[PDB]
Every structure is written in structure tokens, then in C-alpha cells.
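**Student:** In PDB author numbering, the protein residues as written are 235 to 723. Built from N, CA and C at the ideal position, the CB exists for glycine as well. Following this message is one structure expressed as C-alpha cells.
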Ligand SMILES: CC(=O)N[C@H]1[C@H]([C@H](O)[C@H](O)CO)OC(C(=O)O)=C[C@@H]1O
């Protein structure tokens, strides 16, 4: 590493998370000027769920120069957290953990009006990922009210005759009566006040066979575990916790996806950051991007009451479930521009003028090359004029073959003198090269730091490639002043 690369790891193999791998960066400068970050702690190599993944978290007091020890605010204990070197061979490289619960794909958001920070992540029951989730919400309605549904072990497959109700009281819905079972605030199970338990799994390889085997370590039976007496419906959930103390402590787990459409296979987070509206009618609205295999592809969830309640909105009617990972910026009036990945070989743009309730048709973004499968991007507002215009920054790879050639772009915003969603034009005038064209570059998250420097946490390899799986120390942190970035190639 060069002098300039010292301090370019936040999460790394050997830190406190006990993970050898990390993916999916999230980076956010708070209003106070503290800076926080989050990423997947991918234990079982860099595979997506299904796997064993927890959400990692760290922060910087010194404006993002330096980072504290990492924490695990969203974590499951059904399989142990350990440092294991995943095989990289033609056969083994493909092997993933079949039986663990996971948190995956974080989003960080701050309510600046209340100084509350929210952490969201997809919540996967045991052995589930987006690809093998079932169709359904995971909740039932009982006398008009939504309750998380549960399968008792000795009931017929696909039979969910129970529900978590007030106080975590588990009810039998056939007779509508409380049982002796309940869940606590962690969704761990109890029988007549007594903690239920089960044996934690280990995983070790013998050659290219992955051996997932019980140990003699008791952990709390959780409804998200493979070996629980009561089990949630095996679809994708959204989880959130909040902190008022900049991530020093976290609130209780919230399964917020009560709005998951019954017709959807998965509904998951567009990783990166969310947005608080600063200007206009809907100023103060909190909004978080989502995408799904459902009635719609792109969606959002928003709160007009500082995080207590969340409303789901569909931005299109595509049923094909392409990976429409999005990030959102604000126009100076306060309308929203969203930039998103697609599976159609380009990055797309959409506008909303009603605070994200409705959205315009997708518009391709010509200026940036990408692959057919696409990659996640990061877009943000910059607080300062740039050549005397309001500006945004976008980070994304810039190649048609592979995830590589990452750029940071500066877009300059103009009024076109037209009306509505067309009020504004973005001029992508600057294009900064992060490394070289053949260097790998995948997911990324920008933030503007306190001093007005631009921070970047990114995947410095190609995370799609089947030949770059299970690499360590690929998650890189760099800082730039705004003049560095003003390049015109
Ligand atoms: C929830 C989940 O799996 N998210 C993953 C997403 C997904 O795998 C798929 O592309 C669409 O269903 O893709 C990628 C990726 O590197 O492309 C990373 C995410 O971690």
C-alpha cells in the first residue's frame, strides 16, 4: 500500500466482526459531523444469501479520517461467526451455507430534524436469499390487524396456524387463544417464561464438502432459525433498528415489511443510503429505496412521522423482478431524481415531484456505460455550488464488460425553463477516474464529509465475476477534495 492508502480499511479480515469477507458499502456523514459506515459481514465467502451474514457498523469522530472498532447491530447466532477462508476452486468456490439466517444489504439514514439514525437490512430466514424466497408477505390479518405468522413444527407443511401478537404472545389462530409460548424483543422463543434454546452450527470444509454440524453451544431459539419449534414464513423481510446516540446503542429489532405485497417473491433494500427531503411541500419526509419481484420492480418506503410509520409506494408496474437498486438525490425545489440499476443494460432515471409518491417513466442515462446485469451505484447531493450551479455526484463502474473502471462524476443542475418533472437538466461535466480502466470496481457509497471533502467506500474488485469470489480486503475507503474530482478527460 502507498502512504495515501494508509487508513483505507474500515472493515477487514481479523477485525471484531470475525468475518473474513465484506461487501455492500454504506457510508454516511451525520449532521453533527460524525461519520458512520456499515457493510455486510459475509462469513461464508462473498456469496449473497443464502449464507451467514451479519451487518457490520463502524464510525469516525474525526470527520472520517479514522475508524473505531466494528460492531454487529444486526446479527443472528444460529451459526457461529468465525474467520474461515473460503475455497476458491472450480467446484468449492460455489459452495454456500445452506442453513443459516442472514442480514444483508444495509441502508443508513439520518433524521436530521431529530438526530435519529436508522439502520436497515434485508432479513433472511434460515437458508433463504432473494433467489429462493417464497411468495407472500409473511404476515396474516386477524380481525383486520397484521401479525407475523408462524408454523408450528408438528403442523402440516405450509400450515401457519399461529401468530405473534401483543407482548410477543404467540396465539393459536384456529381457536384464537394464547399459548404458553411467546417471543421476546429479539424474536427469541419462550415457553411458560423460559428461554428456549437450540444448538449452534459450525461449518467446516472437508475438501469441497461443506460440513454444517451442531456444536454443544446453546443459543436462543429464534423464529428465523432452521431448528425452531415455531418458524416464520420463508420470504424476505425488512429489518430496522434506530440509534439516537450515533450508533452507541440500538433500539429493539423492527420487522418493518408489514406492507410486503402478498404477491411478491422478494422485497428488499436498494443498498447505500436513504434520504431526508430538505426543500418544498414534503420537506422532512424520510424515504428509502426498495426493489422487488412483485407487481412492481422499483419502490420506496417513506415516513412523514420521523420513522415511526412507513408507507410503501410502487414506482412502476414491472413484474419481472430485475435488480432495480436505486439511490435518490434532491433537486433545489425539492423534487426527487432517482438513479437506478436495471437488467436492461443501462442506468435509468426517474423523477417524482410529489415527494416520491409517484414517479415518471424510466429515462436511460446515456453518459454511463454499464453491463446488462448492471451494478449498484451511489448518488449524492453536494452542499456547495460547483461552477456556480447546484451539483450532484455519482459513483459507479463505467465499463460494458465487467465491473471495473470506476468513475466519480459531477453533474451540474440547470433549470431548463420547462415545467414539472422537466424543470431540471443535469450536465455530467466532470468525470474522475478512481484507478485505471482494468481495475475492478463494484458497489460504492459516497458521502460529503464535514470539511466538504468527498468520502468513498467501495468494492475494489469485480463482485459479479465468478473468478473473483471470496477475496479479502477489497473494501476500500478514500477521500477527495472537490478540485481533484473536476476532471474532463
Ligand atoms: C439481497 C441480495 O441478494 N442482494 C444482492 C443482489 C441480488 O443478488 C441480485 O442481483 C438480485 O436478486 O445483487 C448483488 C450483486 O453483486 O449484484 C449484491 C446484493 O448483495
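For residue 585, which beta-bridge partners are listed by DSSP?
**Tutor:** Residue 585 pairs with 571.
**Student:** For residue 385, which residues does DSSP report across the bridge?
**Tutor:** Beta-bridge pairing links residue 385 to 465.
**Student:** Residues near ligand 1, CB to any non-hydrogen atom under 6 Å, in chain order?
**Tutor:** Selection output, chain order preserved: 258, 282, 283, 338, 339, 356, 363, 364, 502, 557, 697 and 698.
**Student:** Could you tell me the distance, in whole angstroms, from the CA atom of residue 401 to the CA atom of residue 285?
**Tutor:** So the alpha carbons of these two residues sit roughly 31 Å apart.
**Student:** Which runs of the beta strand (DSSP E) fall wholly inside the stretch 646-674 and span at least 3 residues, in chain order?
**Tutor:** If we require 3 residues or more, the beta strand (DSSP E) runs fully inside the stretch 646-674 come out as 658-667.
**Student:** What are the boundary residues of the beta strand (DSSP E) that residue 376 is part of?
**Tutor:** Counting along the chain, the beta strand (DSSP E) containing residue 376 begins and ends at 373-376.
**Student:** How is the beta strand (DSSP E) around residue 460 delimited, first residue to last?
**Tutor:** It is not in any beta strand (DSSP E) - residue 460 carries neither H nor E in the DSSP assignment.
**Student:** Under 8 Å between the Cβ atoms of residue 499 and residue 555?
**Tutor:** Yes; because the gap between Cβ atoms is below 8 Å, this pair is in contact.
**Student:** Is residue 564 near residue 623, with beta carbons less than 8 Å apart?
**Tutor:** Not in contact: residue 564 and residue 623 (Cβ atoms no closer than 8 Å).
**Student:** Verify whether the separation of the beta carbon atoms of residue 668 and residue 638 is less than 8 Å.
**Tutor:** Their beta carbons are not under 8 Å apart, which means residue 668 does not touch residue 638 by this criterion.
**Student:** For residue 405 and residue 420, what's the separation of their Cα atoms in angstroms?
**Tutor:** If you take the alpha carbons of residue 405 and residue 420, they lie about 18 Å apart.
**Student:** Please return the same chain residues whose Cβ sits closer than 7 Å to the Cβ of residue 418, not counting the five positions on each side in sequence.
**Tutor:** Result list for residue 418: 402 and 424, in chain order.
**Student:** Is the separation between the beta-carbon of residue 338 and that of residue 283 shorter than 8 Å?
**Tutor:** The answer is yes: Cβ separation under 8 Å.
**Student:** Check this for me: beta carbons of residue 469 and residue 363, under 8 Å apart or not?
**Tutor:** Cβ atoms of residue 469 and residue 363: not closer than 8 Å.
**Student:** Restricting to runs no shorter than 3 residues, where is the beta strand (DSSP E) found entirely within the stretch 591-645?
**Tutor:** As far as the stretch 591-645 is concerned, its whole beta strand (DSSP E) runs of at least 3 residues are 612-620 and 623-631.
**Student:** Give the single residue among 659, 507, 249 and 550 whose Cα lies nearest to the Cα of residue 599.
**Tutor:** Per the Cα distances, 659.
**Student:** From residue 463 to residue 700, what distance separates their C-alpha atoms?
**Tutor:** In a straight line, the C-alpha of residue 463 is about 37 Å away from that of residue 700.
**Student:** Out of 250, 684, 416 and 590, state which residue places its alpha-carbon closest to the alpha-carbon of residue 269.
**Tutor:** Checking every option, the nearest Cα to that of residue 269 belongs to 684.
**Student:** Whose C-alpha, out of 383, 252, 652 and 621, is nearest the C-alpha of residue 492?
**Tutor:** The shortest Cα separation from residue 492 among 383, 252, 652 and 621 belongs to 383.
**Student:** Just the C-alpha distance for residue 435 and residue 646, rounded to the nearest angstrom, thanks.
**Tutor:** Between residue 435 and residue 646, the C-alpha separation is close to 52 Å.
**Student:** Put residue 450 into one of helix, strand or coil per three-state DSSP.
**Tutor:** Correct three-state label for residue 450: strand.
**Student:** Looking at the structure shown, is residue 533 part of a helix, part of a strand, or coil, going by DSSP?
**Tutor:** Strand, per DSSP.
**Student:** Assign residue 522 to buried or exposed, taking buried as 16 or more other Cβ atoms, counted over all protein chains shown, within 10 Å of its Cβ.
**Tutor:** So residue 522 counts as buried.
**Student:** My understanding is that residue 636 touches residue 511, with C-beta atoms under 8 Å, so please give their C-beta distance in whole angstroms.
**Tutor:** Wrong, their Cβ atoms sit about 36 Å apart, outside the cutoff.
**Student:** Considering residue 689, what are the terminal residues of the beta strand (DSSP E) in which it resides?
**Tutor:** Segment 688-693, the beta strand (DSSP E) holding residue 689.
**Student:** Got a sec? Which residues, its chain only, sit under 8 Å from residue 322 by beta carbon, not counting five neighbours each side?
**Tutor:** Result list for residue 322: 703 and 704, in chain order.
**Student:** So, helix, strand or coil for residue 402, using DSSP?
**Tutor:** Helix.
**Student:** Can you tell me whether residue 742 is buried or exposed, with buried defined as 16 or more other CB within 10 angstroms of its CB?
**Tutor:** What is shown of the chain runs 235 to 723, which leaves residue 742 out entirely.
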